[PDB]
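Text of the file target-v5.pdb, holding PDB, C-alpha atoms and all ligand atoms:
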```pdb
ATOM      1  CA  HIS C   2      57.963  69.041 132.699
ATOM      2  CA  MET C   3      60.852  66.557 132.971
ATOM      3  CA  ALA C   4      59.461  63.573 131.034
ATOM      4  CA  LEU C   5      61.936  62.772 128.268
ATOM      5  CA  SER C   6      63.964  60.235 126.372
ATOM      6  CA  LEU C   7      67.298  61.515 124.997
ATOM      7  CA  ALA C   8      69.923  59.645 122.983
ATOM      8  CA  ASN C   9      73.178  61.540 122.478
ATOM      9  CA  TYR C  10      75.543  60.390 119.731
ATOM     10  CA  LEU C  11      77.692  63.550 119.744
ATOM     11  CA  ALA C  12      80.736  64.119 121.959
ATOM     12  CA  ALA C  13      82.283  67.447 122.941
ATOM     13  CA  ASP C  14      85.793  66.292 122.006
ATOM     14  CA  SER C  15      84.507  65.028 118.647
ATOM     15  CA  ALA C  16      82.948  68.389 117.770
ATOM     16  CA  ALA C  17      86.171  70.152 118.798
ATOM     17  CA  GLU C  18      88.097  67.857 116.457
ATOM     18  CA  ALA C  19      85.632  68.538 113.628
ATOM     19  CA  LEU C  20      86.158  72.282 113.993
ATOM     20  CA  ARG C  21      89.946  71.846 113.946
ATOM     21  CA  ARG C  22      89.782  69.813 110.741
ATOM     22  CA  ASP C  23      87.288  72.093 109.008
ATOM     23  CA  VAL C  24      89.150  75.304 109.797
ATOM     24  CA  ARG C  25      92.530  73.895 108.758
ATOM     25  CA  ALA C  26      91.139  72.626 105.465
ATOM     26  CA  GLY C  27      89.103  75.741 104.765
ATOM     27  CA  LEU C  28      91.757  78.349 105.530
ATOM     28  CA  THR C  29      94.532  76.576 103.597
ATOM     29  CA  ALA C  30      92.421  75.943 100.474
ATOM     30  CA  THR C  31      93.255  77.913  97.318
ATOM     31  CA  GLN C  32      89.809  79.471  97.637
ATOM     32  CA  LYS C  33      89.310  79.925 101.369
ATOM     33  CA  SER C  34      86.047  78.785 102.959
ATOM     34  CA  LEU C  35      84.453  77.894 106.294
ATOM     35  CA  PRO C  36      81.473  75.538 106.791
ATOM     36  CA  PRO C  37      78.253  77.294 107.888
ATOM     37  CA  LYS C  38      77.511  74.715 110.594
ATOM     38  CA  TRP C  39      79.931  76.691 112.759
ATOM     39  CA  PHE C  40      77.666  79.774 112.570
ATOM     40  CA  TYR C  41      75.424  78.259 115.207
ATOM     41  CA  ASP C  42      77.095  78.755 118.568
ATOM     42  CA  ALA C  43      74.931  80.440 121.219
ATOM     43  CA  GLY C  45      75.056  82.905 116.281
ATOM     44  CA  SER C  46      71.866  80.940 116.909
ATOM     45  CA  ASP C  47      70.473  84.063 118.560
ATOM     46  CA  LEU C  48      71.403  86.174 115.547
ATOM     47  CA  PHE C  49      69.763  83.667 113.211
ATOM     48  CA  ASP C  50      66.570  83.867 115.274
ATOM     49  CA  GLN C  51      66.636  87.636 114.699
ATOM     50  CA  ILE C  52      67.235  87.123 110.974
ATOM     51  CA  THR C  53      63.950  85.186 110.706
ATOM     52  CA  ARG C  54      62.122  88.416 111.708
ATOM     53  CA  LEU C  55      63.902  90.798 109.321
ATOM     54  CA  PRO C  56      61.686  92.490 106.713
ATOM     55  CA  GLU C  57      64.068  91.386 103.926
ATOM     56  CA  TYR C  58      64.247  87.738 105.036
ATOM     57  CA  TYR C  59      60.987  86.380 103.604
ATOM     58  CA  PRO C  60      61.615  82.609 103.928
ATOM     59  CA  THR C  61      60.511  81.988 107.537
ATOM     60  CA  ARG C  62      57.253  83.940 107.454
ATOM     61  CA  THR C  63      56.423  82.626 103.958
ATOM     62  CA  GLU C  64      56.876  79.010 105.030
ATOM     63  CA  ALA C  65      54.966  79.741 108.238
ATOM     64  CA  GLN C  66      52.003  81.160 106.283
ATOM     65  CA  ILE C  67      51.875  78.043 104.081
ATOM     66  CA  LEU C  68      51.815  75.848 107.188
ATOM     67  CA  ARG C  69      49.306  78.124 108.896
ATOM     68  CA  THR C  70      46.800  77.719 106.048
ATOM     69  CA  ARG C  71      47.509  74.099 104.998
ATOM     70  CA  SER C  72      48.650  72.132 108.091
ATOM     71  CA  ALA C  73      45.334  70.275 108.324
ATOM     72  CA  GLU C  74      45.764  69.083 104.713
ATOM     73  CA  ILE C  75      49.419  68.159 105.294
ATOM     74  CA  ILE C  76      48.581  66.126 108.376
ATOM     75  CA  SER C  77      45.650  64.442 106.640
ATOM     76  CA  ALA C  78      47.806  63.466 103.676
ATOM     77  CA  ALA C  79      50.566  62.080 105.909
ATOM     78  CA  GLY C  80      48.285  60.176 108.281
ATOM     79  CA  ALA C  81      51.234  59.984 110.669
ATOM     80  CA  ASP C  82      51.048  59.657 114.469
ATOM     81  CA  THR C  83      54.712  60.587 114.969
ATOM     82  CA  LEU C  84      56.411  63.875 114.032
ATOM     83  CA  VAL C  85      60.156  63.693 113.401
ATOM     84  CA  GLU C  86      61.817  67.110 113.172
ATOM     85  CA  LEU C  87      65.240  67.562 111.643
ATOM     86  CA  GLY C  88      65.554  70.584 113.896
ATOM     87  CA  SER C  89      65.076  71.416 117.590
ATOM     88  CA  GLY C  90      61.290  71.823 117.905
ATOM     89  CA  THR C  91      61.557  75.438 119.046
ATOM     90  CA  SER C  92      59.521  77.111 116.279
ATOM     91  CA  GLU C  93      55.880  78.089 115.815
ATOM     92  CA  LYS C  94      55.962  75.915 112.674
ATOM     93  CA  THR C  95      56.495  72.855 114.862
ATOM     94  CA  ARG C  96      53.411  73.712 116.900
ATOM     95  CA  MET C  97      51.309  74.277 113.786
ATOM     96  CA  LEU C  98      52.045  70.700 112.747
ATOM     97  CA  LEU C  99      51.601  69.237 116.228
ATOM     98  CA  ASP C 100      48.361  71.187 116.708
ATOM     99  CA  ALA C 101      46.950  69.718 113.493
ATOM    100  CA  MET C 102      48.026  66.205 114.471
ATOM    101  CA  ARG C 103      46.303  66.712 117.807
ATOM    102  CA  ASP C 104      43.144  68.116 116.191
ATOM    103  CA  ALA C 105      43.058  65.040 113.949
ATOM    104  CA  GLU C 106      43.477  62.850 117.062
ATOM    105  CA  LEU C 107      46.575  61.290 115.473
ATOM    106  CA  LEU C 108      49.372  62.661 117.646
ATOM    107  CA  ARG C 109      51.298  60.221 119.848
ATOM    108  CA  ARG C 110      54.974  61.047 119.557
ATOM    109  CA  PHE C 111      57.508  63.827 118.818
ATOM    110  CA  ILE C 112      61.111  63.094 117.799
ATOM    111  CA  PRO C 113      63.350  66.187 117.627
ATOM    112  CA  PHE C 114      66.739  65.564 116.004
ATOM    113  CA  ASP C 115      69.516  68.153 116.312
ATOM    114  CA  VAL C 116      73.070  68.832 117.439
ATOM    115  CA  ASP C 117      72.531  70.638 120.778
ATOM    116  CA  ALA C 118      71.355  68.476 123.686
ATOM    117  CA  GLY C 119      70.541  71.444 125.934
ATOM    118  CA  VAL C 120      68.147  72.869 123.385
ATOM    119  CA  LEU C 121      66.530  69.462 122.827
ATOM    120  CA  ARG C 122      65.873  69.269 126.574
ATOM    121  CA  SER C 123      64.285  72.728 126.682
ATOM    122  CA  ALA C 124      62.120  72.059 123.648
ATOM    123  CA  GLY C 125      61.123  68.690 125.071
ATOM    124  CA  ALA C 126      59.937  70.325 128.277
ATOM    125  CA  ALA C 127      57.961  72.992 126.409
ATOM    126  CA  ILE C 128      56.314  70.524 124.017
ATOM    127  CA  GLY C 129      55.600  68.107 126.875
ATOM    128  CA  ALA C 130      53.752  70.798 128.803
ATOM    129  CA  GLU C 131      51.716  71.881 125.771
ATOM    130  CA  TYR C 132      50.778  68.370 124.593
ATOM    131  CA  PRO C 133      50.229  66.277 127.738
ATOM    132  CA  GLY C 134      50.564  62.541 127.203
ATOM    133  CA  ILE C 135      52.828  62.980 124.175
ATOM    134  CA  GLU C 136      55.917  60.761 124.036
ATOM    135  CA  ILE C 137      59.111  62.733 123.395
ATOM    136  CA  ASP C 138      62.180  60.869 122.140
ATOM    137  CA  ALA C 139      64.962  63.359 121.432
ATOM    138  CA  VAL C 140      68.032  62.453 119.380
ATOM    139  CA  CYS C 141      71.240  64.447 119.550
ATOM    140  CA  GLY C 142      73.051  63.716 116.334
ATOM    141  CA  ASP C 143      74.261  65.126 113.066
ATOM    142  CA  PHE C 144      71.812  64.572 110.222
ATOM    143  CA  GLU C 145      74.534  63.435 107.827
ATOM    144  CA  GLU C 146      75.604  60.501 109.995
ATOM    145  CA  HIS C 147      73.086  59.500 112.645
ATOM    146  CA  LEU C 148      69.886  59.369 110.588
ATOM    147  CA  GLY C 149      69.887  55.624 111.200
ATOM    148  CA  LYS C 150      69.524  56.379 114.920
ATOM    149  CA  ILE C 151      66.102  58.019 114.551
ATOM    150  CA  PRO C 152      63.550  55.538 115.984
ATOM    151  CA  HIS C 153      61.295  53.719 113.490
ATOM    152  CA  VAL C 154      58.323  53.498 115.872
ATOM    153  CA  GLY C 155      54.913  54.543 114.532
ATOM    154  CA  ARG C 156      53.905  56.062 111.218
ATOM    155  CA  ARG C 157      56.343  58.933 110.797
ATOM    156  CA  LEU C 158      56.160  62.368 109.243
ATOM    157  CA  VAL C 159      59.756  63.582 108.902
ATOM    158  CA  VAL C 160      60.043  67.332 108.410
ATOM    159  CA  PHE C 161      63.004  69.313 107.153
ATOM    160  CA  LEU C 162      61.925  72.948 106.971
ATOM    161  CA  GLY C 163      63.430  76.373 106.312
ATOM    162  CA  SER C 164      65.231  75.450 103.057
ATOM    163  CA  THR C 165      68.126  74.274 105.222
ATOM    164  CA  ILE C 166      68.520  71.591 102.564
ATOM    165  CA  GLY C 167      69.775  74.472 100.362
ATOM    166  CA  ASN C 168      72.996  74.608 102.418
ATOM    167  CA  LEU C 169      74.007  71.325 100.811
ATOM    168  CA  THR C 170      75.516  71.513  97.329
ATOM    169  CA  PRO C 171      74.112  69.054  94.756
ATOM    170  CA  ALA C 172      76.325  66.019  95.488
ATOM    171  CA  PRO C 173      76.038  65.990  99.262
ATOM    172  CA  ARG C 174      72.374  66.997  98.898
ATOM    173  CA  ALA C 175      71.609  63.952  96.745
ATOM    174  CA  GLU C 176      73.450  61.679  99.180
ATOM    175  CA  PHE C 177      71.512  63.173 102.072
ATOM    176  CA  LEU C 178      68.091  62.707 100.470
ATOM    177  CA  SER C 179      68.989  59.188  99.311
ATOM    178  CA  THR C 180      70.086  58.236 102.812
ATOM    179  CA  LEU C 181      67.035  59.798 104.447
ATOM    180  CA  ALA C 182      64.812  57.916 101.975
ATOM    181  CA  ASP C 183      66.491  54.653 102.988
ATOM    182  CA  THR C 184      65.603  55.231 106.663
ATOM    183  CA  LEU C 185      61.913  55.614 105.789
ATOM    184  CA  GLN C 186      59.363  52.793 105.804
ATOM    185  CA  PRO C 187      56.325  52.325 103.585
ATOM    186  CA  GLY C 188      53.742  54.708 105.023
ATOM    187  CA  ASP C 189      56.290  57.272 106.223
ATOM    188  CA  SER C 190      56.378  60.759 104.677
ATOM    189  CA  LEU C 191      58.935  63.535 104.125
ATOM    190  CA  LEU C 192      57.846  67.175 104.374
ATOM    191  CA  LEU C 193      60.534  69.272 102.695
ATOM    192  CA  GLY C 194      60.821  73.067 102.604
ATOM    193  CA  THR C 195      62.579  74.617  99.608
ATOM    194  CA  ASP C 196      63.102  78.299  98.842
ATOM    195  CA  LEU C 197      62.454  79.051  95.168
ATOM    196  CA  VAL C 198      64.128  81.016  92.407
ATOM    197  CA  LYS C 199      62.715  84.530  92.235
ATOM    198  CA  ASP C 200      63.752  88.156  91.665
ATOM    199  CA  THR C 201      67.513  88.269  92.228
ATOM    200  CA  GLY C 202      67.351  91.648  93.987
ATOM    201  CA  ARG C 203      64.942  90.213  96.557
ATOM    202  CA  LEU C 204      67.231  87.236  96.986
ATOM    203  CA  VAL C 205      70.386  89.253  97.590
ATOM    204  CA  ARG C 206      68.610  91.644  99.984
ATOM    205  CA  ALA C 207      67.327  88.697 102.048
ATOM    206  CA  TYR C 208      70.999  87.925 102.798
ATOM    207  CA  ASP C 209      72.216  91.530 103.104
ATOM    208  CA  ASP C 210      69.608  93.273 105.214
ATOM    209  CA  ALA C 211      69.465  97.004 105.851
ATOM    210  CA  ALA C 212      70.104  96.633 109.588
ATOM    211  CA  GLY C 213      73.339  94.657 109.222
ATOM    212  CA  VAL C 214      72.112  91.672 111.216
ATOM    213  CA  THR C 215      73.090  89.158 108.561
ATOM    214  CA  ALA C 216      76.542  90.783 108.359
ATOM    215  CA  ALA C 217      76.929  90.273 112.113
ATOM    216  CA  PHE C 218      75.808  86.631 111.808
ATOM    217  CA  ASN C 219      78.385  86.026 109.061
ATOM    218  CA  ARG C 220      81.286  87.758 110.822
ATOM    219  CA  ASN C 221      80.517  85.833 114.024
ATOM    220  CA  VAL C 222      82.023  82.679 112.498
ATOM    221  CA  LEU C 223      85.355  84.522 112.853
ATOM    222  CA  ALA C 224      84.588  85.082 116.537
ATOM    223  CA  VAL C 225      83.931  81.361 116.922
ATOM    224  CA  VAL C 226      87.316  80.528 115.403
ATOM    225  CA  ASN C 227      88.953  83.229 117.547
ATOM    226  CA  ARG C 228      87.529  81.830 120.772
ATOM    227  CA  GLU C 229      87.746  78.117 120.094
ATOM    228  CA  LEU C 230      91.078  77.965 118.231
ATOM    229  CA  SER C 231      92.888  80.973 119.765
ATOM    230  CA  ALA C 232      92.885  82.998 116.560
ATOM    231  CA  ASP C 233      93.151  86.775 116.080
ATOM    232  CA  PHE C 234      90.758  87.611 113.247
ATOM    233  CA  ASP C 235      89.965  91.315 113.298
ATOM    234  CA  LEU C 236      86.208  91.218 112.620
ATOM    235  CA  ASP C 237      86.145  94.893 111.632
ATOM    236  CA  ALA C 238      88.573  94.140 108.791
ATOM    237  CA  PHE C 239      86.110  91.874 106.971
ATOM    238  CA  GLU C 240      83.247  93.063 104.791
ATOM    239  CA  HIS C 241      80.006  91.114 104.458
ATOM    240  CA  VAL C 242      79.218  90.239 100.824
ATOM    241  CA  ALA C 243      76.103  88.463  99.519
ATOM    242  CA  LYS C 244      76.163  87.232  95.910
ATOM    243  CA  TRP C 245      73.703  85.638  93.520
ATOM    244  CA  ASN C 246      75.418  82.886  91.545
ATOM    245  CA  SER C 247      73.288  82.573  88.414
ATOM    246  CA  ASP C 248      75.143  79.496  87.096
ATOM    247  CA  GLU C 249      74.478  77.435  90.231
ATOM    248  CA  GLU C 250      71.281  79.346  91.152
ATOM    249  CA  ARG C 251      72.381  79.845  94.725
ATOM    250  CA  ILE C 252      72.947  82.686  97.137
ATOM    251  CA  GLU C 253      76.475  82.848  98.542
ATOM    252  CA  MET C 254      77.769  84.601 101.667
ATOM    253  CA  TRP C 255      81.380  85.757 101.605
ATOM    254  CA  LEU C 256      83.740  87.629 103.897
ATOM    255  CA  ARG C 257      86.042  90.063 102.107
ATOM    256  CA  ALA C 258      89.275  91.394 103.616
ATOM    257  CA  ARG C 259      89.331  95.228 103.472
ATOM    258  CA  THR C 260      93.117  95.258 103.669
ATOM    259  CA  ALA C 261      95.808  92.581 103.865
ATOM    260  CA  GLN C 262      95.340  90.521 107.045
ATOM    261  CA  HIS C 263      97.691  88.135 108.818
ATOM    262  CA  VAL C 264      95.840  85.687 111.051
ATOM    263  CA  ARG C 265      97.412  83.251 113.508
ATOM    264  CA  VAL C 266      95.287  80.305 114.513
ATOM    265  CA  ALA C 267      97.406  79.347 117.460
ATOM    266  CA  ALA C 268      95.536  76.154 118.367
ATOM    267  CA  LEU C 269      96.288  74.832 114.863
ATOM    268  CA  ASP C 270      99.877  76.149 114.874
ATOM    269  CA  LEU C 271      98.863  77.883 111.667
ATOM    270  CA  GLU C 272      99.427  81.310 110.123
ATOM    271  CA  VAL C 273      97.026  82.383 107.410
ATOM    272  CA  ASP C 274      97.359  85.395 105.113
ATOM    273  CA  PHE C 275      94.544  87.303 103.404
ATOM    274  CA  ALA C 276      95.304  89.627 100.500
ATOM    275  CA  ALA C 277      93.507  92.969 100.319
ATOM    276  CA  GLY C 278      90.169  92.200  98.648
ATOM    277  CA  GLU C 279      90.488  88.443  99.145
ATOM    278  CA  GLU C 280      87.141  86.724  99.705
ATOM    279  CA  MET C 281      86.306  83.652 101.775
ATOM    280  CA  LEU C 282      83.115  81.622 101.216
ATOM    281  CA  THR C 283      81.095  81.012 104.380
ATOM    282  CA  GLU C 284      77.724  79.768 103.101
ATOM    283  CA  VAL C 285      75.743  78.718 100.049
ATOM    284  CA  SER C 286      71.959  78.799  99.951
ATOM    285  CA  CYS C 287      70.724  76.974  96.856
ATOM    286  CA  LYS C 288      67.379  78.081  95.415
ATOM    287  CA  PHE C 289      65.067  75.670  93.653
ATOM    288  CA  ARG C 290      62.758  75.402  90.668
ATOM    289  CA  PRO C 291      59.505  73.496  91.303
ATOM    290  CA  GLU C 292      60.071  71.006  88.488
ATOM    291  CA  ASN C 293      63.570  70.230  89.813
ATOM    292  CA  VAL C 294      62.361  69.568  93.335
ATOM    293  CA  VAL C 295      60.219  66.757  91.925
ATOM    294  CA  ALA C 296      63.230  65.345  90.098
ATOM    295  CA  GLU C 297      65.596  65.493  93.088
ATOM    296  CA  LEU C 298      63.055  63.698  95.250
ATOM    297  CA  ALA C 299      62.506  61.041  92.554
ATOM    298  CA  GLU C 300      66.254  60.450  92.231
ATOM    299  CA  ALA C 301      66.369  59.878  96.008
ATOM    300  CA  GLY C 302      63.635  57.256  95.701
ATOM    301  CA  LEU C 303      60.747  59.465  96.840
ATOM    302  CA  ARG C 304      57.512  60.347  95.020
ATOM    303  CA  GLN C 305      56.191  63.884  95.555
ATOM    304  CA  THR C 306      52.474  63.446  96.309
ATOM    305  CA  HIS C 307      51.764  67.052  97.350
ATOM    306  CA  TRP C 308      53.138  70.488  96.604
ATOM    307  CA  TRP C 309      52.176  73.678  98.427
ATOM    308  CA  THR C 310      53.348  77.167  97.512
ATOM    309  CA  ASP C 311      52.408  80.721  98.558
ATOM    310  CA  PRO C 312      50.419  82.741  95.962
ATOM    311  CA  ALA C 313      53.599  84.624  94.952
ATOM    312  CA  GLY C 314      55.506  81.386  94.371
ATOM    313  CA  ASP C 315      58.254  82.479  96.764
ATOM    314  CA  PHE C 316      58.549  79.222  98.719
ATOM    315  CA  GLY C 317      57.563  75.572  98.366
ATOM    316  CA  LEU C 318      56.662  72.634 100.598
ATOM    317  CA  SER C 319      56.723  69.069  99.264
ATOM    318  CA  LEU C 320      55.226  65.958 100.796
ATOM    319  CA  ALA C 321      56.939  62.838  99.478
ATOM    320  CA  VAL C 322      56.676  59.093 100.100
ATOM    321  CA  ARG C 323      58.555  55.878  99.286
TER
HETATM  322  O1  LIG C 401      70.017  79.698 103.909
HETATM  323  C1  LIG C 401      69.234  80.259 104.715
HETATM  324  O2  LIG C 401      68.379  81.077 104.302
HETATM  325  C2  LIG C 401      69.304  79.912 106.187
HETATM  326 CL1  LIG C 401      69.250  78.173 106.338
HETATM  327  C3  LIG C 401      70.595  80.393 106.812
HETATM  328  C4  LIG C 401      70.845  81.862 106.570
HETATM  329  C5  LIG C 401      69.951  82.900 106.770
HETATM  330  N1  LIG C 401      70.597  84.075 106.444
HETATM  331  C6  LIG C 401      71.875  83.770 106.052
HETATM  332  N2  LIG C 401      72.029  82.399 106.136
HETATM  333 MG    MG C 402     102.497  76.995 117.653
END
```

Rewrite the structure from the file as structure tokens, please.
Ligand SMILES: O=C(O)[C@@H](Cl)Cc1cnc[nH]1
Ligand SMILES: [Mg+2]
Amino acid sequence: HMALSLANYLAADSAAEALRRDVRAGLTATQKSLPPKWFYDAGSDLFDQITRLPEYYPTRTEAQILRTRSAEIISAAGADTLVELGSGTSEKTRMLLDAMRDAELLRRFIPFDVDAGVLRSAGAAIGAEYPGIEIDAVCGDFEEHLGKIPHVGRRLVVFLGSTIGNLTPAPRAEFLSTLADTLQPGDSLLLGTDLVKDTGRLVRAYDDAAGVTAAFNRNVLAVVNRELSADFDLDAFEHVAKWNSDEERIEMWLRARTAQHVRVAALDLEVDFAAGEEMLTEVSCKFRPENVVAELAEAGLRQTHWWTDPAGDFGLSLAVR
């Protein structure tokens, strides 16, 4: 029920300041952009729905790999502590915890994410399902507070969903290098990476028939409207998903149907969009198996295991110091 440890390194005023800075920088850039972290206001609900769309294969593909190989993953890791870069709300989390329990290894769960309220809820759910488990939640941002994750036990750190694909190569390398420097001998990283495949399937996964992804994308405008007193007309922006073959990444864009004039009153800022002008809201890099090995090695980690679905749509790596 209520048994919990929670460390909170984020402040409400500090997040508000981060949004101010990001929106000012992004809307005044020669090529306009907004960071996708701001998708996930209570947007989080829309993303949950996205994971169940027929076109969006990543979640169910990763889940099926875990469903059939979690015992092997847990045996390879030999960890008694599961660290999740994420909130611990998924079935995937339970697949891993179940296997750790079956192996009589499980002692501790450490969820790491940016919303304290969700960490509390997940902690209560996990606590009830795995009596005796120690839960140490950390509210922090995984590009700054990784050093705050406790080093107790032998740790399996998981970063699922190909969320690592939201980082472009330079910040991605810095992230993996930093994460690797918080690991001890005996610790393991379990990394989910979505893989290069048919480009039609890729684009459709980010431009579903039902329009749910379009709603998710346009909602970042609603976040700016509410939080920074802006007047984006959401109906005036078209959802566009692109495959960038040079960078091998999916991109989400918002395209102005007609010229728009947007005042972001909280920033004392007026922003103009030309008819047809596009603003970048997300990248989702896709990986080649051989390159995953290389990126891990450059970060100081040796890939010891690789799991992929029979179609080769998605990959999971286990890597060690
Ligand atoms: O890049 C993804 O696939 C996840 Cl992390 C976020 C997302 C899902 N649909 C649009 N963006
Ligand atoms: Mg003013």

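For ligand MG 402 (chain C), the neighbouring polymer residues at 12 Å or closer are residues 230, 231, 232, 265, 266, 267, 268, 269, 270, 271 and 272 of chain C, only C-alpha atoms and all ligand atoms being used.
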
Work out how far CA of residue 252 in chain C is from CA of residue 277 in chain C, in Å to one decimal.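 Between these atoms lies a distance of 23.2 Å.
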
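Distances from C:319, C:283, C:168, C:83 to ligand LIG 401 (chain C) were compared using all atoms listed in the file, and the smallest one belongs to C:168.
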
Please define a box with edges along x, y and z of the file around all atoms of range 299-310 of chain C given in the file, extend it by 4 Å on each side, and return its centre and edge lengths in Å to one decimal, as JSON.
```
{"center_x": 59.1, "center_y": 67.2, "center_z": 95.3, "size_x": 22.6, "size_y": 27.9, "size_z": 14.2}
```

Please, which residues in chain C fall within 8 Å of ligand LIG 401 (chain C) when counting all atoms listed in the file, and what is the closest atom pair and distance in Å to one decimal for each, ordered by chain then residue number, as a Markdown table?
```
| residue | atom | partner | partner_atom | distance |
| --- | --- | --- | --- | --- |
| C:49 | CA | C:LIG401 | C5 | 6.5 |
| C:52 | CA | C:LIG401 | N1 | 6.4 |
| C:53 | CA | C:LIG401 | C5 | 7.5 |
| C:58 | CA | C:LIG401 | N1 | 7.5 |
| C:60 | CA | C:LIG401 | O2 | 6.9 |
| C:163 | CA | C:LIG401 | CL1 | 6.1 |
| C:164 | CA | C:LIG401 | CL1 | 5.9 |
| C:165 | CA | C:LIG401 | CL1 | 4.2 |
| C:166 | CA | C:LIG401 | CL1 | 7.6 |
| C:167 | CA | C:LIG401 | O1 | 6.3 |
| C:168 | CA | C:LIG401 | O1 | 6.1 |
| C:207 | CA | C:LIG401 | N1 | 7.2 |
| C:208 | CA | C:LIG401 | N1 | 5.3 |
| C:215 | CA | C:LIG401 | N1 | 6.0 |
| C:218 | CA | C:LIG401 | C6 | 7.5 |
| C:219 | CA | C:LIG401 | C6 | 7.5 |
| C:252 | CA | C:LIG401 | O1 | 8.0 |
| C:254 | CA | C:LIG401 | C6 | 7.4 |
| C:284 | CA | C:LIG401 | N2 | 7.0 |
| C:285 | CA | C:LIG401 | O1 | 7.0 |
| C:286 | CA | C:LIG401 | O1 | 4.5 |
| C:287 | CA | C:LIG401 | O1 | 7.6 |
```

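The interatomic distance for the pair CA of residue 190 in chain C and CA of residue 5 in chain C works out to 24.3 Å.
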
When the PyMOL selection byres (((chain C and resi 261) around 6) and not hetatm) is applied to the structure above, which residues does it catch, written out as a count of residues only? 5

Translate the PyMOL selection byres (((chain C and resi 68) around 10) and not hetatm), as applied to the file shown, into an explicit residue set as a ChimeraX atom specification. /C:62-67,69-75,93-95,97-98,309-311,318

Tell me which of C:103, C:228, C:257, C:251 sits closest to residue 216 in chain C, counting all atoms listed in the file.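 Among C:103, C:228, C:257, C:251, it is C:257 that comes nearest to residue 216 in chain C.
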
Given the point (55.5, 62.3, 117.2) in the file's coordinates, find the residues that have an atom at most 12 Å from it, counting all atoms listed in the file, and give them as a count of residues only. 45

Could you name the residues that touch residue 41 in chain C at 10 Å or less, counting only C-alpha atoms, but leaving out those on the same chain fewer than 2 positions away, as a VMD selection string? chain C and resid 37 to 39 43 45 to 49 116 to 117 218 221 to 222 225

For range 164-176 of chain C, where the input has fewer atoms than it should, I would like N, CA and C atoms rebuilt and written as a JSON list (two decimals), in the frame of the given file.
```
[["chain", "number", "residue", "atom", "x", "y", "z"],
["C", 164, "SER", "N", 64.30, 75.54, 104.19],
["C", 164, "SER", "CA", 65.23, 75.45, 103.06],
["C", 164, "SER", "C", 66.67, 75.24, 103.53],
["C", 165, "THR", "N", 66.81, 74.65, 104.72],
["C", 165, "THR", "CA", 68.13, 74.27, 105.22],
["C", 165, "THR", "C", 68.78, 73.26, 104.29],
["C", 166, "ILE", "N", 67.97, 72.51, 103.55],
["C", 166, "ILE", "CA", 68.52, 71.59, 102.56],
["C", 166, "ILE", "C", 69.33, 72.35, 101.50],
["C", 167, "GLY", "N", 69.04, 73.64, 101.30],
["C", 167, "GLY", "CA", 69.78, 74.47, 100.36],
["C", 167, "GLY", "C", 71.22, 74.77, 100.75],
["C", 168, "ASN", "N", 71.61, 74.45, 101.98],
["C", 168, "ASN", "CA", 73.00, 74.61, 102.42],
["C", 168, "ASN", "C", 73.90, 73.50, 101.90],
["C", 169, "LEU", "N", 73.28, 72.42, 101.42],
["C", 169, "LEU", "CA", 74.01, 71.32, 100.81],
["C", 169, "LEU", "C", 74.11, 71.54, 99.31],
["C", 170, "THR", "N", 75.32, 71.46, 98.77],
["C", 170, "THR", "CA", 75.52, 71.51, 97.33],
["C", 170, "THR", "C", 74.99, 70.21, 96.72],
["C", 171, "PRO", "N", 74.83, 70.17, 95.38],
["C", 171, "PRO", "CA", 74.11, 69.05, 94.76],
["C", 171, "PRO", "C", 74.57, 67.64, 95.14],
["C", 172, "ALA", "N", 75.87, 67.38, 95.22],
["C", 172, "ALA", "CA", 76.32, 66.02, 95.49],
["C", 172, "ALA", "C", 76.00, 65.60, 96.92],
["C", 173, "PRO", "N", 76.42, 66.39, 97.91],
["C", 173, "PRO", "CA", 76.04, 65.99, 99.26],
["C", 173, "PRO", "C", 74.52, 66.03, 99.48],
["C", 174, "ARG", "N", 73.82, 66.90, 98.76],
["C", 174, "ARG", "CA", 72.37, 67.00, 98.90],
["C", 174, "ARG", "C", 71.70, 65.71, 98.42],
["C", 175, "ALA", "N", 72.17, 65.18, 97.29],
["C", 175, "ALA", "CA", 71.61, 63.95, 96.74],
["C", 175, "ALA", "C", 71.88, 62.77, 97.67],
["C", 176, "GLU", "N", 73.07, 62.74, 98.27],
["C", 176, "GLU", "CA", 73.45, 61.68, 99.18],
["C", 176, "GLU", "C", 72.60, 61.76, 100.44]]
```
